[PDB]
Amino acid sequence: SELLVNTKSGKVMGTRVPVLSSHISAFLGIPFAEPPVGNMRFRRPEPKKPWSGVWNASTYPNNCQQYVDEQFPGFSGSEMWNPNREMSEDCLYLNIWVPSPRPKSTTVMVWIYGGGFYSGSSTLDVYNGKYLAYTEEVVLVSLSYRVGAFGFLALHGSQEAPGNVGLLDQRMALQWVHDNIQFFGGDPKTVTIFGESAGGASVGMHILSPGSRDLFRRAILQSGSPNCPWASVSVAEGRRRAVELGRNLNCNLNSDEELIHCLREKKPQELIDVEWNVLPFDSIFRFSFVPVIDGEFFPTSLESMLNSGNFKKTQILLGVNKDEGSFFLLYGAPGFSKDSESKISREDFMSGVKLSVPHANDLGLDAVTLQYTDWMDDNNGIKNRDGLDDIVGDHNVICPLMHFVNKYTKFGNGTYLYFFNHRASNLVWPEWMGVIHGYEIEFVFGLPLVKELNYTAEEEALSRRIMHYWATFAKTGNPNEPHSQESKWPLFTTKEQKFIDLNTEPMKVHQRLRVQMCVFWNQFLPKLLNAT
Amino acid sequence: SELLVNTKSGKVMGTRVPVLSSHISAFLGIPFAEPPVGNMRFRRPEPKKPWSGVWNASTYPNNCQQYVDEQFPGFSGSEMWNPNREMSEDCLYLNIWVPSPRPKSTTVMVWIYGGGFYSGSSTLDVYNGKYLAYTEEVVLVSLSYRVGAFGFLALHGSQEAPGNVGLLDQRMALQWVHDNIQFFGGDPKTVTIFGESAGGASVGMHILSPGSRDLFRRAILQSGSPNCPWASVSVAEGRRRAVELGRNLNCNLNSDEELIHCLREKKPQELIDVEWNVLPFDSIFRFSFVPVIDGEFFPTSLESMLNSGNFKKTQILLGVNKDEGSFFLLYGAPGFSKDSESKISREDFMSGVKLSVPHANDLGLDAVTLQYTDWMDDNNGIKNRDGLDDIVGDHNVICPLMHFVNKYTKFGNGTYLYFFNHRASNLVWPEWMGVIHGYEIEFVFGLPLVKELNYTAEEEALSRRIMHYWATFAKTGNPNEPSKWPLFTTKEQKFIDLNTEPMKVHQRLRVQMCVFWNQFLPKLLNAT
Ligand SMILES: C[As+](C)(C)CCO[C@@H](c1ccccc1[N+](=O)O)C(F)(F)F
Ligand SMILES: C[As+](C)(C)CCO[C@@H](c1ccccc1[N+](=O)O)C(F)(F)F
Ligand SMILES: C[As+](C)(C)CCO[C@@H](c1ccccc1[N+](=O)O)C(F)(F)F
Ligand SMILES: C[As+](C)(C)CCO[C@@H](c1ccccc1[N+](=O)O)C(F)(F)F
Ligand SMILES: *[C@@H]1O[C@H](CO)[C@@H](O)[C@H](O)[C@H]1NC(C)=O
Ligand SMILES: *[C@@H]1O[C@H](CO)[C@@H](O)[C@H](O)[C@H]1NC(C)=O
Ligand SMILES: *[C@@H]1O[C@H](CO)[C@@H](O)[C@H](O)[C@H]1NC(C)=O
Ligand SMILES: *[C@@H]1O[C@H](CO)[C@@H](O)[C@H](O)[C@H]1NC(C)=O
């Protein structure tokens with residue numbers, strides 16, 4: 001039967017689901033590892049041991065333990081991102097959507113959810129993989145990885161809490177895909193890992209980590225990059241935070257063994273409630289437990305690896321949104337409300353840069369300020385708001401991604417760059433927030449194809465070509481369909497630096513994406529802060 | 001007669017000079033100090049000893065010893081600034097233009113030529129005061145002062161070469177005016193000192209210096225302020241330069257006096273031939289011997305004085321030109337030519353910026369570059385040319401003056417700021433230089449009123465309103481005569497455009513760039 005599959009470790013029984021007046025197979029909650037519970041909390045993932053009988057894969061699994069957001073209870077805009085299942089430490093599962101007539105050996109795309117390495121679920125409505133699996137005829141997989149302290153507490157030197165175990169969870173599901181996707185009609189030599197935000201950084205980190213390299217063919221990064229200021233810490237900082245988490249819990253701090261034995265006894269929520277307490281400064285777009293440059297998952301520093309071409313050389317498709325930082329300013333900066341135009345005053349502008357570039361001396365702060373202020377009209381609330389928005393988006397997403405794209409292209413085999421600037425007609429967030437962090441996702445997954453969601457006809461078309469670019473890239477390594485009458489998305493080269501706009505207007509090609517500001521962030525400020 | 005005046009130190013006789021089909025009186029080459037020659041080289045000036053008989057003041061005096069520009073032999077554009085009279089260390093004279101018939105006790109304006117303190121003359125054609133004196137019925141006086149080593153060699157502590165003597169020359173000119181201008185029909189109580197460039201910085205220095213404050217009423221600064229980076233040096237830097245000057249001429253360096261005596265022996269030209277050698281950095285818009293903050297003429301640091309408000313509180317009218325830096329880049333930077341559009345490659349731009357901010361470290365240069373570069377079009381030869389032009393003009397003239405204007409206004413009794421951006425229809429320099437440093441002067445001096453100079457009627461109009469603004473401001477402390485030229489206030493920061501079109505009132509003159517040059521970069525270099 002189409003729904004019953006003999007995987008290496010056991011039988012899996014999926015379920016038939018409707019998709020736009022049709023059907024496709026869905027295998028939900030398939031486990032790829034032993035439950036990281038008990039004395040396993042904080043440790044490297046272990047492979048799921050074989051089971052007898054048939055594993056019921058007709059329902060989504062649990063979401064991993066995480067800080068649930070409660071800023072706007074009941075508001076769909078914020079809660080669509082929260083865990084929609086029971087949060088359990090037993091959460092290492094992956095889901096697969098296989099087109100009906102099971103494909104013989106087709107393209108595979110593995111989705112890696114993002115959420116600052118502190119949150120995220122594979123089960124959210126926006127990650128329903130049926131539309132893309134059905135429409136583009138690909139085997140769509142969404143995996144899951146431990147987040148926060150569970151997946152990232154790093155006491156470098158300890159084999160109980162080495163750090164980067166969340167990244168290792170991802171690697172294991174990728175291995176699982178490599179060892180079993182062939183039984184679902186997937187081609188393990190043609191898999192594309194794609195993710196957004198922490199999911200976008202994770203993808204880049206797999207392109208850098210030797211132990212992950214041969215588990216996938218190509219890569220797609222959305223609004224995320226391995227070198228993002230928030231995507232990783234030094235092993236020192238990692239250890240520091242691990243000890244501070246333990247201090248915050250009255251933990252015996254004698255040795256790593258004792259700190260870990262303590263933390264392992266606390267109930268999950270106990271760790272979450274103190275999670276943000278370990279950060280260095282009051283900030284936005286900064287998360288407590290994230291990947292550590294250990295010299296194992298990451299042989300050396302990310303920049304050293306980038307300069308030496310010590311990474312997987314394949315094709316990559318990647319991009320950013322127009323207003324990546326508004327989501328964060330709304331939550332942590334003064335003057336920002338979802339119920340108002342949020343015209344920011346000079347006073348709150350200052351307060352906001354301080355929160356956005358937490359690790360910058362006053363000379364730094366002045367530079368960022370001078371760089372984004374119109375001193376001819378510095379009391380303009382609209383400009384101050386948009387100025388600060390750009391600051392958070394440029395510093396945390398766009399420039400880090402642009403630095404990575406320029407480094408990678410030197411050694412890569414094909415790079416395609418996009419700029420998502422479409423504001424959805426049915427957006428629930430206020431207009432000032434613009435094209436929000438995470439909002440190209442519903443288009444990558446094809447939610448506009450379902451009528452009852454109210455997207456315009458032009459939004460259905462945008463989604464369809466975005467999904468086609470993604471699937472065609474995953475299939476061939478070039479998002480453009482051979483000999484088509486459509487507009488060409490050109491290769492991004494270190495010389496021409498071309499990229500395109502992803503929106504309703506007829507495609508347009510641009511060059512040097514936000515160079516001016518990114519020379520500032522990627523070149524000047526680092527040098528200014530280095531000279532101290 | 002009207003051409004024979006009894007001054008306090010002796011008689012003097014001028015001459016009747018024609019002006020626009022009318023006449024006015026001219027007293028030229030009036031000595032106001034003892035010839036600072038021989039032993040008196042580098043020494044403070046000494047008042048002019050009285051004389052018997054009448055002093056012939058019918059012709060212009062010698063010009064002070066200075067580096068003569070030979071970049072364009074015979075080109076009027078640069079030749080018009082070179083000494084047009086025979087040079088001589090005996091050059092402390094002043095000129096006066098008195099409207100005819102002689103006024104009773106009218107407004108007096110005293111011009112202070114500018115040329116980086118290393119050059120300048122009171123006899124240039126663009127300084128002919130007979131037009132302004134006549135058109136606005138004012139007594140116009142042009143002074144002179146020592147430049148280069150002769151006026152600013154500085155061995156602080158010594159008394160044979162104390163430094164700032166060139167300024168004391170200026171102060172003595174003003175003291176002379178104070179004591180005598182009433183004999184020519186001018187009110188010593190309503191004297192305005194105005195000057196351009198290094199002259200403008202001097203005006204500002206006499207506003208700051210306690211010993212100069214009481215000798216004048218108001219002030220006008222044209223493209224220069226006392227805090228300009230090229231305008232002064234510490235006692236140590238002055239001292240360093242003085243000694244290196246000696247090292248260059250194989251002078252004994254064992255002590256202040258031996259050095260000074262050795263330098264006194266040398267001929268004027270020997271000193272000038274090695275004048276530039278003392279500069280600490282290869283650069284542009286930098287001069288060797290300039291004023292020194294000695295704690296005498298200047299009590300404390302300029303900034304310290306500006307902040308505490310330790311300076312003459314009165315009204316000031318000042319401004320700057322559209323492209324102050326073109327002249328400098330043309331003479332010392334690669335890519336710039338007088339016979340081409342001078343499009344600047346990225347590589348020549350990089351050179352240009354290092355020559356422009358000689359004191360900045362790499363981080364600083366980087367910052368200046370980021371600030372003026374269009375990273376989406378960095379090989380645009382025009383954007384790069386203009387960018388450099390703006391760097392030089394903003395760093396050396398505009399922003400130091402905007403810092404002076406905002407500080408002064410805090411205690412002042414009335415500021416009036418302008419932005420001159422008209423390019424003479426008959427400019428002999430290439431179009432890319434724009435509104436060049438020093439080319440507002442001909443308007444202030446009404447040359448556009450003499451037809452043989454081929455300016456346009458619309459320009460004669462600009463000249464006249466400008467001369468009226470200057471004179472009306474001189475006489476009343478207000479350029480307007482009851483759209484009007486609005487007062488500059490730290491709240492609205494308004495200023496006007498000075499050109500042929502109808503007056504426009506703007507606000508916050510080059511605030512973006514100047515926040516960079518006055519606040520950011522300083523704090524950056526200071527830290528690093
Ligand atoms: C496709 As998402 C990486 C779950 C867009 C928002 O998520 C941000 C965020 C930013 C600012 C405030 C709140 C949140 N949030 O609740 O998720 C974060 F943190 F997950 F990255
Ligand atoms: C004890 As808290 C006021 C949940 C520390 C971080 O707060 C952030 C934040 C809060 C919730 C999700 C994501 C973010 N973030 O990415 O910065 C902000 F924005 F509220 F300050
Ligand atoms: C040995 As030389 C070539 C007389 C040092 C300065 O030269 C300047 C210069 C020359 C003449 C007048 C002013 C300037 N200046 O302000 O920099 C420039 F431009 F040639 F490099
Ligand atoms: C009204 As003027 C202050 C005598 C014109 C500009 O003069 C500059 C200059 C700048 C670059 C090259 C040559 C010169 N120059 O011969 O005067 C300097 F140096 F005098 F200020
Ligand atoms: C799998 O479990 C779900 C939920 O309990 C149920 O709806 C489905 O029928 C189950 N499959 C079978 C028949 O085991
Ligand atoms: C990718 O690699 C192939 C074979 O090594 C080469 O022919 C092609 O030029 C490369 N493509 C790019 C754009 O790097
Ligand atoms: C005044 O000086 C001029 C020029 O030096 C000379 O030609 C003239 O004869 C002199 N007049 C008298 C009588 O001193
Ligand atoms: C100048 O000072 C006088 C006397 O105190 C004062 O009345 C006048 O308002 C001041 N003018 C300005 C514009 O500061």
# chains A, B, ... in the order shown; residues from 1 in each chain; ligands from 1

$ residues_around --residues "residue 405 of chain B" --least-positions-apart "6" --cutoff "9 Å" --atoms "only C-alpha atoms" --output "PDB file with N, CA and C atoms, in the first residue's frame"
ATOM      1  N   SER B 225      37.264  80.668   9.703  1.00  0.00           N
ATOM      2  CA  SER B 225      36.917  80.929  11.094  1.00  0.00           C
ATOM      3  C   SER B 225      38.198  80.611  11.866  1.00  0.00           C
ATOM      4  N   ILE B 316      27.904  89.337  14.055  1.00  0.00           N
ATOM      5  CA  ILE B 316      28.822  88.831  13.044  1.00  0.00           C
ATOM      6  C   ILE B 316      28.043  88.434  11.790  1.00  0.00           C
ATOM      7  N   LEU B 318      28.842  86.214   8.390  1.00  0.00           N
ATOM      8  CA  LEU B 318      29.843  85.329   7.806  1.00  0.00           C
ATOM      9  C   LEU B 318      29.216  84.314   6.858  1.00  0.00           C
ATOM     10  N   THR B 415      23.863  86.931  14.666  1.00  0.00           N
ATOM     11  CA  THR B 415      24.593  86.223  13.616  1.00  0.00           C
ATOM     12  C   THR B 415      23.848  86.257  12.279  1.00  0.00           C
ATOM     13  N   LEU B 417      24.317  84.305   8.601  1.00  0.00           N
ATOM     14  CA  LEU B 417      25.040  83.312   7.811  1.00  0.00           C
ATOM     15  C   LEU B 417      24.600  83.251   6.358  1.00  0.00           C
ATOM     16  N   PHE B 488      20.417  84.361  12.291  1.00  0.00           N
ATOM     17  CA  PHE B 488      20.724  82.961  12.533  1.00  0.00           C
ATOM     18  C   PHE B 488      20.546  82.753  14.025  1.00  0.00           C
ATOM     19  N   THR B 490      20.370  79.499  17.054  1.00  0.00           N
ATOM     20  CA  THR B 490      20.624  78.084  17.283  1.00  0.00           C
ATOM     21  C   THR B 490      19.361  77.228  17.220  1.00  0.00           C
TER      22      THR B 490
END

$ interface_residues --of "chain A" --to "chain B" --cutoff "7 Å" --atoms "only C-alpha atoms" --output "ChimeraX atom specification"
/A:363,375-376,512,515-516,528,531

$ residues_near_ligand --ligand "ligand 7" --cutoff "9 Å" --atoms "only C-alpha atoms and all ligand atoms" --output "ChimeraX atom specification"
/B:13,54-60

$ residues_near_ligand --ligand "ligand 1" --cutoff "9 Å" --atoms "only C-alpha atoms and all ligand atoms" --output "VMD selection string"
chain A and resid 67 to 71 78 to 82 113 to 121 196 to 199 223 to 224 284 to 287 324 to 332 436 to 441

$ residues_around --residues "segment 330-335 of chain B" --least-positions-apart "6" --cutoff "6 Å" --atoms "only C-alpha atoms" --output "ChimeraX atom specification"
/B:342,344,352

$ write_last_selection --atoms "N, CA and C atoms" --output "JSON list (two decimals), in the first residue's frame"
[["chain", "number", "residue", "atom", "x", "y", "z"],
["B", 342, "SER", "N", 38.65, 66.52, -14.99],
["B", 342, "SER", "CA", 39.20, 65.92, -13.80],
["B", 342, "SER", "C", 38.31, 64.84, -13.16],
["B", 344, "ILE", "N", 37.64, 61.54, -11.33],
["B", 344, "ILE", "CA", 38.46, 60.81, -10.38],
["B", 344, "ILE", "C", 38.19, 59.33, -10.20],
["B", 352, "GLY", "N", 43.47, 61.05, -2.76],
["B", 352, "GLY", "CA", 42.91, 62.33, -2.39],
["B", 352, "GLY", "C", 42.50, 62.46, -0.95]]

$ atom_distance --atom1 "atom CA of residue 392 of chain A" --atom2 "atom CA of residue 279 of chain A"
18.0 Å

$ residues_near_ligand --ligand "ligand 8" --cutoff "8 Å" --atoms "only C-alpha atoms and all ligand atoms" --output "list in words"
residues 314, 412, 413, 414, 415 and 487 of chain B

$ residues_around --residues "segment 183-192 of chain A" --least-positions-apart "4" --cutoff "10 Å" --atoms "only C-alpha atoms" --output "PDB file with C-alpha atoms, in the first residue's frame"
ATOM      1  CA  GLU A   2       0.991   3.603  -0.675  1.00  0.00           C
ATOM      2  CA  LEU A   3       0.697   4.450   3.029  1.00  0.00           C
ATOM      3  CA  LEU A   4       2.682   1.532   4.486  1.00  0.00           C
ATOM      4  CA  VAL A   5       6.450   1.750   4.201  1.00  0.00           C
ATOM      5  CA  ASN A   6       9.210  -0.545   5.429  1.00  0.00           C
ATOM      6  CA  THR A   7      11.911   1.764   6.667  1.00  0.00           C
ATOM      7  CA  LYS A   8      15.301   0.478   7.875  1.00  0.00           C
ATOM      8  CA  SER A  25       0.360  10.849   1.337  1.00  0.00           C
ATOM      9  CA  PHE A  27       3.749  10.452   7.222  1.00  0.00           C
ATOM     10  CA  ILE A  96       7.090  13.666   5.212  1.00  0.00           C
ATOM     11  CA  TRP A  97       4.592  14.576   2.470  1.00  0.00           C
ATOM     12  CA  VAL A  98       4.807  12.261  -0.543  1.00  0.00           C
ATOM     13  CA  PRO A  99       2.813  13.066  -3.728  1.00  0.00           C
ATOM     14  CA  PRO A 101       1.278   8.318  -7.269  1.00  0.00           C
ATOM     15  CA  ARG A 102       4.462   7.791  -5.241  1.00  0.00           C
ATOM     16  CA  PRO A 103       7.330   9.308  -7.243  1.00  0.00           C
ATOM     17  CA  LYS A 104       9.963   6.856  -8.442  1.00  0.00           C
ATOM     18  CA  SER A 105      13.026   8.707  -7.128  1.00  0.00           C
ATOM     19  CA  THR A 106      12.269  12.394  -6.984  1.00  0.00           C
ATOM     20  CA  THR A 107      13.685  15.598  -5.494  1.00  0.00           C
ATOM     21  CA  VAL A 108      13.656  16.005  -1.712  1.00  0.00           C
ATOM     22  CA  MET A 109      13.473  19.243   0.273  1.00  0.00           C
ATOM     23  CA  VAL A 110      14.023  19.232   3.999  1.00  0.00           C
ATOM     24  CA  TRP A 111      12.600  22.136   5.930  1.00  0.00           C
ATOM     25  CA  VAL A 138       8.632  16.837  -4.489  1.00  0.00           C
ATOM     26  CA  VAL A 139       8.979  14.768  -1.343  1.00  0.00           C
ATOM     27  CA  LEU A 140       8.798  17.369   1.430  1.00  0.00           C
ATOM     28  CA  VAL A 141      10.351  16.677   4.841  1.00  0.00           C
ATOM     29  CA  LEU A 174      19.229  14.447   7.699  1.00  0.00           C
ATOM     30  CA  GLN A 175      20.977  11.102   8.095  1.00  0.00           C
ATOM     31  CA  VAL A 177      16.440  11.089   5.310  1.00  0.00           C
ATOM     32  CA  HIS A 178      19.617   9.755   3.672  1.00  0.00           C
ATOM     33  CA  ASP A 179      18.985   6.223   4.987  1.00  0.00           C
ATOM     34  CA  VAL A 203      21.509  25.464   6.844  1.00  0.00           C
ATOM     35  CA  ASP A 214      27.464  14.752   2.505  1.00  0.00           C
ATOM     36  CA  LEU A 215      23.897  14.426   3.814  1.00  0.00           C
ATOM     37  CA  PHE A 216      22.437  16.946   1.369  1.00  0.00           C
ATOM     38  CA  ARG A 217      22.929  18.163  -2.192  1.00  0.00           C
ATOM     39  CA  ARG A 218      21.927  21.848  -2.281  1.00  0.00           C
ATOM     40  CA  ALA A 219      20.882  24.622   0.117  1.00  0.00           C
ATOM     41  CA  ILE A 220      18.252  27.374   0.514  1.00  0.00           C
ATOM     42  CA  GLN A 315      24.608  25.799  -5.450  1.00  0.00           C
ATOM     43  CA  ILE A 316      22.739  27.982  -2.917  1.00  0.00           C
ATOM     44  CA  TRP A 470      12.382  26.689  -5.017  1.00  0.00           C
ATOM     45  CA  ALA A 471      11.505  23.241  -6.378  1.00  0.00           C
ATOM     46  CA  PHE A 473      16.377  24.973  -7.834  1.00  0.00           C
ATOM     47  CA  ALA A 474      16.207  21.923  -5.567  1.00  0.00           C
ATOM     48  CA  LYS A 475      15.781  19.702  -8.643  1.00  0.00           C
ATOM     49  CA  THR A 476      18.401  21.254 -10.958  1.00  0.00           C
ATOM     50  CA  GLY A 477      20.449  23.795  -9.016  1.00  0.00           C
TER      51      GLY A 477
END

$ residues_near_ligand --ligand "ligand 3" --cutoff "7 Å" --atoms "only C-alpha atoms and all ligand atoms" --output "mmCIF file with C-alpha atoms, in the first residue's frame"
data_model
loop_
_atom_site.group_PDB
_atom_site.id
_atom_site.type_symbol
_atom_site.label_atom_id
_atom_site.label_comp_id
_atom_site.auth_asym_id
_atom_site.auth_seq_id
_atom_site.Cartn_x
_atom_site.Cartn_y
_atom_site.Cartn_z
ATOM 1 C CA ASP B 69 52.825 80.719 -6.969
ATOM 2 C CA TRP B 276 57.087 73.969 3.166
ATOM 3 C CA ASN B 277 59.689 71.424 4.315
ATOM 4 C CA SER B 283 49.135 67.308 2.409
ATOM 5 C CA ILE B 284 46.820 69.914 0.967
ATOM 6 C CA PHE B 285 45.316 72.988 2.650
ATOM 7 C CA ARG B 286 48.110 73.079 5.247
ATOM 8 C CA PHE B 287 50.577 75.920 5.853
ATOM 9 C CA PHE B 328 43.501 72.903 -3.301
ATOM 10 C CA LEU B 329 42.813 69.582 -5.028
ATOM 11 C CA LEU B 330 43.813 71.164 -8.359
ATOM 12 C CA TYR B 331 47.244 72.108 -7.024
ATOM 13 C CA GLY B 332 48.222 69.052 -5.041
ATOM 14 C CA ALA B 333 46.087 66.010 -5.824
#
